[PDB]
Amino acid sequence: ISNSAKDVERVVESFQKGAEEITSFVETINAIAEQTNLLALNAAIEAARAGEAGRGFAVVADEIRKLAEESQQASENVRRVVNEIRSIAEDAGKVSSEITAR
Amino acid sequence: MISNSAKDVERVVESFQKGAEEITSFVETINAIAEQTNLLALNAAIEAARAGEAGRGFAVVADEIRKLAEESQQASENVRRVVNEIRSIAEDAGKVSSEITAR
Amino acid sequence: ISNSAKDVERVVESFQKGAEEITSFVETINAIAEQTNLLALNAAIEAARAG
Amino acid sequence: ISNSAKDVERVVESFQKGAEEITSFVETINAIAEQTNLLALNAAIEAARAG
Amino acid sequence: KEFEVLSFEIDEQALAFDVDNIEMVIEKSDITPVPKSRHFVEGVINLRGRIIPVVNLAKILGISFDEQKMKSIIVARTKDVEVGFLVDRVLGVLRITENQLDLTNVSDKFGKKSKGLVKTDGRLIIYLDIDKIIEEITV
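Residues numbered from 1 in each chain as written, not as in the entry; some residues may be left out. Chains lettered and ligands numbered in written order. Part of a larger assembly, values for the part shown. Heavy atoms only, no water.

With the PDB entry as reference, chain E is termed Chemotaxis protein CheW, source organism Escherichia coli. Its official PDB title, as written in the record, is "Cryo-electron Tomography and All-atom Molecular Dynamics Simulations Reveal a Novel Kinase Conformational Switch in Bacterial Chemotaxis Signaling".

Where the PDB entry is consulted, chain A appears under the name Methyl-accepting chemotaxis protein 2, with the organism given as Escherichia coli.

Following this line, the structure appears as structure tokens:
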């Protein structure tokens, strides 16, 4: 059970480092999605100024804006699970070494 | 106490095998959104380029939106490789958690 | 008092959730204000050109 | 060694406090740089459309 | 002349036709069957309130292809007819230079309905002639 516990230390460190490594993709995707929203808004706020000429360009810009604000929501749900996973990774520190000590 | 501690291993292992599929379904969603935003941006860019002189200022912006969309498509294909690594390290751990629970 | 002190652990946990629900509203208010700022800037960069 | 270790407790707290003060400067530098980025994008997104 | 073409692939080979003759671009989903139809056609779709035939480009050029791999329908627009072309990935609008355009028609076997070949240090973008491709489907 001590050598079967060393397989757990290998897993628990791959989770501890894997939760710092996945966090850069939470930060990065949030950043890009919040930039895409502002950029899609910057196009929307001027495709409406082109009237009938802007017609089908303001329709596409809208659905881009609406989709990019859903990318923010999905990212906020990854943030929620990544924070929960990161706190389990640190919690698993105890359970991991309390076996090989006993 | 190695009993109670190994039962608390099953708490971490089934929480990470759930958190794998959790983030996987949210990443499949940010992939879908990104490649659809890429296709929407690309349609704007092509129809604007076709529109000639007045189309140009829109085509510039549309292609810059497309650039961020294909950076989000790249970002989605990297956050997937790590959630699929986290999956394997969670599922491949359950054969060891069932051996320490038996022993 | 052993049972009345367990009520305090529950209160302190309801505080930890209650400050996380206000932090999602801090994010929300902040976000809306930074969009409102950018919209006002898109107007300012052309109203100042409009004599 | 007891009174010299109290001088180390002073240092270990001054590291913790000096690292919360340097974290506020990480927050500030990120903030100014991310606004500098957004302002430069607002100029680029229309200077390229100004022939 | 600086030609603006739509770049897109089939079977690790780049192809392209002008933006002048494009309606839009979409991703494949179920194609409605037409009975007793020519073998180089998949069927018909409803696009912008119109009934567009969905042609299989590679069966017109005679080139090798893998049908499952394809997933992009490029809808074209000529004075005679409006027709969709099922292919692989798409890039978007590519500005080509006249300096790099070769006009030889015997280089590969589909060179007569090809307007030329764009020379480059990436994948060679072959310039098609939309006109002669629509001229093939109506015979």
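Below, the discussion takes up the pairing of strand β2 (residues 13-18) of chain E. Residues and elements named next belong to chain E. The element β2 is largely enclosed, with a buried count of five among its six residues. The hairpin formed by strand β1 (residues 3-10) and β2 contains two residues between the paired strands, and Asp-11 there has a positive phi angle of roughly 50°. One ladder, built from two bridges, connects β2 with strand β11 (residues 125-128); its direction is parallel. Within the sheet, the bridge partner assigned to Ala-16 lies in β11 and is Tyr-127. (Buried < 20%, exposed > 50% of the residue type's maximum accessible area, 1.4 Å probe, protein only. Helix = DSSP H or I, 4+ residues; strand = E, 2+ residues; numbered from the N terminus. Pairing = 2+ DSSP bridges.)

Time to look at the nonpolar core. B:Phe16, B:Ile23 and B:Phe58 are the most contacted members of the largest nonpolar core, which totals 57 residues. At the level of elements, α1 (2-21), α2 (23-47) and α3 (51-101) of chain A together with α1 (2-50) and α2 (56-91) of chain B are the ones that each hand at least two residues to this core. In terms of residues, this core owes the most to one element, α3(A), which gives 14 residues. When near neighbours in sequence (up to four residues on either side) are disregarded, B:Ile23 contacts A:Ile22, A:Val78, A:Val81, A:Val82 and B:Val83. (Core = buried A, V, L, I, M, F, W, Y, C linked by side-chain atoms within 4.5 Å. Contact = heavy atoms within 4.5 Å.)

All names here are of chain E. Even without a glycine there, the phi angle at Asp-11 is positive, about 50°. When you line up the elements, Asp-11 lands in the loop between β1 and β2. A relative accessible area of 39% places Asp-11 in the partly exposed class. Positive phi values are uncommon outside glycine, yet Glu-12 reaches one of about 65°. Within the secondary structure, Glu-12 is located in the loop between β1 and β2. When its relative accessible area of 58% is taken as the criterion, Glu-12 is described as exposed.

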